[PDB]
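Coming up is one lone chain in structure tokens, specifically the form deposited in one PDB entry.
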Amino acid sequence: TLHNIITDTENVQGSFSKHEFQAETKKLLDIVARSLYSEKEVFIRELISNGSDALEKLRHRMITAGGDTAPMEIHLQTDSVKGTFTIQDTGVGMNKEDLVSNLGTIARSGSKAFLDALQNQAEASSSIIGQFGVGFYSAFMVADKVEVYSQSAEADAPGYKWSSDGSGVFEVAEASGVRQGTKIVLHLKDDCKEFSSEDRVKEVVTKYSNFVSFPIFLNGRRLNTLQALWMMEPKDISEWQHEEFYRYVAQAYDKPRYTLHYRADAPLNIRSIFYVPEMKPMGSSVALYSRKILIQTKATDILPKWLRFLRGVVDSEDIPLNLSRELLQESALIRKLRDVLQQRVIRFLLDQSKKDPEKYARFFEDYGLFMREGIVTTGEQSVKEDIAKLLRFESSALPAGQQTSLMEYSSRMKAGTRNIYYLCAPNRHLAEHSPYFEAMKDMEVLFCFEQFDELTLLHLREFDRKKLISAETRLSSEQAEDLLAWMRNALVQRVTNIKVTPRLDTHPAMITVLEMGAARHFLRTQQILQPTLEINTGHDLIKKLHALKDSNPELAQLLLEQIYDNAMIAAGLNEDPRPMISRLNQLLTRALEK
């Protein structure tokens, strides 16, 4: 039933003309200045990056030719009456030939050419931002008209004025008195007048360009420029610099409880700092930077989903950037970086689990849901068991409240079998009285009390080739029976079985449950599943129950309901006993007729 028409029918029956690829220049300018960025404000990022590059070239140049004590800075000026945005740097500037070439030609980058001639380990090779040759045209996004004044440091080269409206043509004339470097004046479109507002410019500068290495001034005022902590030696960073940097980078008001300052060079250059907040659960995630400039507020491809609880920053200088500079290209190197980072963070958290198990215990209670989620969603067994190292549970051999890893269980496994038995229960009381538990008379059972603990072990399957397997695979003798047959008569629509058990002392009764899909079904029903009473015939209230049933057919009932309800609370199946209170008050009142 196939329908295909693709057929090898074509033969070239002629000569062979040869052409070169062309570019429609007019249209290309329109694209860059329109359908490139997601946001207009981004022209500021571009112009400042260009200023930085210009200064950085000048700094490189004065390593050999120096040295002027000329100051290296970027100035921004707003004029809200003329509707202009102006940016000036005191960098290397441009002569006439470099204005025509660099500005007049789309995709032509002088910074790229400058980078390509550097010794591969000169400092400028890491700090230069531009290489596409298009960012300057982002000015036409917001400006009807653009004027560039430029003075190069040269053979007393004259100053020059470049001007364009962005519609295919530009003018260049000689000028004075242009200061060494480059001044760019944007005559803003009516719809872009907001970029002649001081407060708005300031918002853009701090958003993208807050860690630019040269001083930024706006209307003669120094902006609050921060240090890119991630670029520095981890032992030149104090704990209290990390605290301030974290709050800034995470938009937080607490302190990091964990800090991982990670640096390396393969598969990519990476300078990064991760934080775990102290507070139990823009800057809602880890930010991506390249050469100290924001690429994405919320980095998408560099970390796994389950690690989204980390705050902080990743900076790579050779990460392949998309032309918009707000996305990353598809790369085997980005993929490897995510793998590398996943292991690095896992490794870091293990180490912390040893240094301070108590602090790690606190960490796990708060953020353990993410490990659980990670184990479930990632369909690769090798890493499921890498995330699983971070999990904690209680045990059938260890005291209540005390945590163990799978490792501390897998170690204590006898040479006999190679499979791990868990019992996922709402709490300790119910675990210790599971019939399935008592099957394990002698084997140790992991007690998994946390939400989705059952789900992860299901999705886990195996750990260290060991298998995860749910472990769910006085008063005479007729006085009791009479009382029993009587208790079954009032709890008809509630419990199923009323046993009698010789293992009670202070408690008159207790509730047990067989299968715990239903126990974890009740709750969360409230916003009736097979419970079982067990009676202590030695207890006074039970002995007081047996008698009163015939001496009081209106008061006893209260004593029965109460004993039942008290047992349900004791089992952790009723933590909001609001419904019993008024009744209990009736019981106490009727009891206290003395």
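Heads up: residue numbers just count along the shown sequence, starting at 1. Just so we're on the same page, rigid core means the largest C-alpha set that superposes within 1.5 Å between forms.
As for the form deposited in another entry, it is not shown, yet the points below apply to it.
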Out of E243, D98, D482, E147, the residue that alone shifts its CA by 2 Å or more between the shown form and the other one when the rigid core is the reference: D482
Answer yes if the CA of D190 moves 2 Å or more between the shown form and the other one after aligning the rigid core, and no otherwise. no
Rigid core superposed, CA of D550 - does it shift 2 Å or more between the shown form and the other one? yes
Comparing between the shown form and the other one on the rigid core: C-alpha of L504 shifted by 2 Å or more? yes
Looking in the other entry, decide if the C-alpha atoms of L58 and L268 are closer or farther than in the form shown; they differ by 3 Å or more. farther
